[PDB]
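Report on the structure given below.
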Amino acid sequence: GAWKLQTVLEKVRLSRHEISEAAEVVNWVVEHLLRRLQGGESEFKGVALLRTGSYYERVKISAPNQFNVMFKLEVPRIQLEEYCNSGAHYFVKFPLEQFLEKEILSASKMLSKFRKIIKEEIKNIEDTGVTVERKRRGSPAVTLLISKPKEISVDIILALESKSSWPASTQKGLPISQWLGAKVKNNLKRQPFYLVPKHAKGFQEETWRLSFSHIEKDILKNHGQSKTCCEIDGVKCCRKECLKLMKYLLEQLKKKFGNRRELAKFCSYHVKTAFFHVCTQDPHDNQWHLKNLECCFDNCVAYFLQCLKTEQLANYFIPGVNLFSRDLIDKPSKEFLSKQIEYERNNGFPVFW
DNA sequence: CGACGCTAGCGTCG
DNA sequence: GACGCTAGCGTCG
Ligand SMILES: Nc1nc2c(ncn2[C@@H]2O[C@H](COP(=O)(O)OP(=O)(O)OP(=O)(O)O)[C@@H](O)[C@H]2O)c(=O)[nH]1
Ligand SMILES: Nc1ncnc2c1ncn2[C@@H]1O[C@H](COP(=O)(O)OP(=O)(O)OP(=O)(O)O)[C@@H](O)[C@H]1O
Ligand SMILES: [Mg+2]
Ligand SMILES: [Zn+2]
């Protein structure tokens, strides 16, 4: 018996006018920005643009509130070392060396000039509407802010792409084999991984973090175990729809419940990483048939619940890293969310309404 | 430039 | 209400 969630999907879906209004300005800022950066004999003249994040993978919710974009530099002969046997972070050992310090590139050193350039470049158009948000320490992305027409943010991430084989941390991860098959799985691994300037502790300046944003986007585009899943000549799965609700449930919790100390740590990547685990858990399209929507979402929420209690949410690409690890997040934070979702699951999801 | 797939929005319904 | 058009954006060359 319908919750009914389908209405919830309808509420969530972006305005066609909304996107077009938002869309055209975003590319315009990025395309111009890209063009000017390429022209200048900066190190970043070589930059190529990669579009990633929710909107582009098409799981954006309510409104085009935010955009994520990646600027990738192809870097050759790269060598790298793990900071402290942490799957996410490495420093790249090593020809433009201005940013480099001590034969190892400094993200902080490298990022700072990049952010500096954008700020300089943004100043040219210098609309009151367009500005660069103040740096947040431990943030690797320069953030554009557009006050026209409405408040919206675009995240620019500097990207170093390596044609090298994926790091050892990766290999156990990404078990799409049952779901998507070895051929597909093997092909994904062949595509290059990316490096971004995030640092684990509490301080660090020259470490980097791996990004598989391009890979995640790819699998989201092609979730189906069948080639035709969600195609015109194929049955429609509800996987993407399941994801939106999950994204929506959490976001509604922060806002509607109201922000709390425990709530802040949790972010949309956790649901997305969690959702993938379920897809691995359940690799058949028949299981995800649209008419079967209601159970799956429940199945989706249940898994998330288990994770919080278990406190184990291994990174999809890196099994070793636990997103839900206590050092990453304290227990009381888990409990509270757990209960609220717990409350939510039993009560028929009023928060959506 | 130019294909096409995807999705929002809407008309028809055999 | 399920189909099935349309328009428009995103994408890889
Ligand atoms: N496109 C992309 N963006 C990333 C990636 N990793 C981190 N970011 C960016 O990092 C920003 C937020 O920083 P987080 O990585 O989430 O770290 P955090 O623990 O939440 O702390 P904050 O930096 O303050 O947000 C986001 O806007 C992301 O765009 C990635 O693999 N791909
Ligand atoms: N904490 C994180 N850890 C690791 N990777 C991340 C993290 N946070 C964000 N990313 C990368 O960034 C991309 C987008 O992250 P971000 O939260 O900024 O936007 P989004 O989740 O895709 O969109 P939305 O606002 O709707 O949730 C993801 O696809 C992922 O690859
Ligand atoms: Mg996003
Ligand atoms: Zn599907």
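Taking 25 Å as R0, compute the FRET efficiency from the Cβ-Cβ separation of residue A:38 and residue A:15 and round it to 0.05. It comes to 0.15. Placing dummy labels 7 Å off each Cα toward the beta-carbon, the span from residue A:187 to residue A:331 is 4.7 nm. The charge dipole of the range A:160-261, taken about its Cα centre with unit charges on the Cβ atoms of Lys, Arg (+1), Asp and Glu (-1) only, comes to about 400 debye.
For a test of the definition: using alpha carbon positions, the gyration tensor, and the 1.5 limit on a/c, classify the range A:286-353 as rounded, prolate or oblate. Oblate shape, in that a/c is at least 1.5 and b/c is the bigger or equal ratio. Please name which of A:114, A:22, A:89 has its Cα lying farthest along the dipole of the range A:1-121 towards the positive end, using unit charges on Cβ (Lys, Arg +1; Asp, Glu -1) and the Cα centre as origin. Positive-end residue among those listed: A:22. For the range A:251-260, 3J(HN,Hα) computed residue by residue from phi via the Karplus equation (6.51, -1.76, 1.60; θ = phi - 60°) reads 4, 4, 4, 4, 6, 5, 4, x, 4, 9 Hz, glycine and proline entered as x. Taken about its Cα centre, the range A:10-92 carries a charge dipole of roughly 240 debye when the Cβ of each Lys and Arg holds +1 and the Cβ of each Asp and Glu holds -1. Restricting the range A:1-77 to GluC sites (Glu not before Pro) that sit in a DSSP loop and have at most 10 other Cβ atoms within 10 Å of their own Cβ leaves A:41.
Give me A:25, A:301 ranked fewest to most by other Cβ atoms within 10 Å of their Cβ, as a rough exposure proxy. Don't skip to the answer; put the middle values down first.
Details: A:25 19, A:301 22.
Lowest to highest Cβ neighbour count: A:25, A:301.
Sparse packing (at most 10 other Cβ atoms within 10 Å of the Cβ) combined with a DSSP loop state is found for the following trypsin sites (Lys or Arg not before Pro) in the range A:96-192: A:102, A:134, A:136, A:137.
Taking amide H atoms as placed 1.01 Å from N in the peptide plane, the amide H of residue A:130 lies under 5 Å from those of A:147, each 5 or more residues away in sequence or on another chain. Each of residue A:281 and residue A:120 was given a label point 7 Å from its Cα along the Cα-to-Cβ line. The distance between the two points is 5.1 nm.
Residue A:121: net charge of surrounding residues, Cβ under 14 Å, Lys/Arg +1, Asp/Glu -1, itself excluded?
Charge balance near residue A:121 sits at +4.
If you take the square roots of the eigenvalues of the alpha-carbon gyration tensor of the range A:15-104 and sort them as a ≥ b ≥ c, do you get rounded (a/c under 1.5), prolate (a/b over b/c) or oblate? Taking the square roots of the gyration eigenvalues as a ≥ b ≥ c, the range A:15-104 is oblate. Taking amide H atoms as placed 1.01 Å from N in the peptide plane, the amide H of residue A:105 lies under 5 Å from those of A:92, each 5 or more residues away in sequence or on another chain. Close amide H pairs (under 5 Å, H built 1.01 Å from N) link residue A:208 with A:90, A:91, residues at least 5 positions away or on another chain.
About its Cα centre, the dipole of chain A is roughly 340 debye, where the only charges are +1 on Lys and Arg Cβ and -1 on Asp and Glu Cβ.
Subtracting the Cα-Cα distance from 0.36 nm times the residue separation, let me have the gained length for residue A:178 to residue A:163 in nm, one decimal. If you can, show how the numbers build up before the last one.
Values: separation 15, 0.36 × 15 = 5.40 nm, distance 2.60 nm.
Stretched out fully, the residue A:178 to residue A:163 stretch lengthens by 2.8 nm.
Shown in residue order for the range A:231-240 are the 3J(HN,Hα) couplings computed by the Karplus curve 6.51 cos²θ - 1.76 cosθ + 1.60 at θ = phi - 60°: 7, 4, 9, x, 5, 8, 7, 10, 3, 4 Hz (x for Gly and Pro).
Once you sort the root eigenvalues of the Cα gyration tensor of the range A:208-353 as a ≥ b ≥ c, which label holds: rounded (a/c under 1.5), prolate (a/b larger than b/c) or oblate (the other case)? It is oblate, given that a/c is not under 1.5 and a/b is not larger than b/c. Panel order for A:77, A:260, by other beta carbons found within 10 Å of each beta carbon, from fewest to most: A:77, A:260.
Each value in this text was obtained by applying a stated rule to the coordinates, not by laboratory testing. For neighbour counting, all protein chains shown are included, and Cβ atoms are generated from backbone atoms with ideal geometry for every residue, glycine included.
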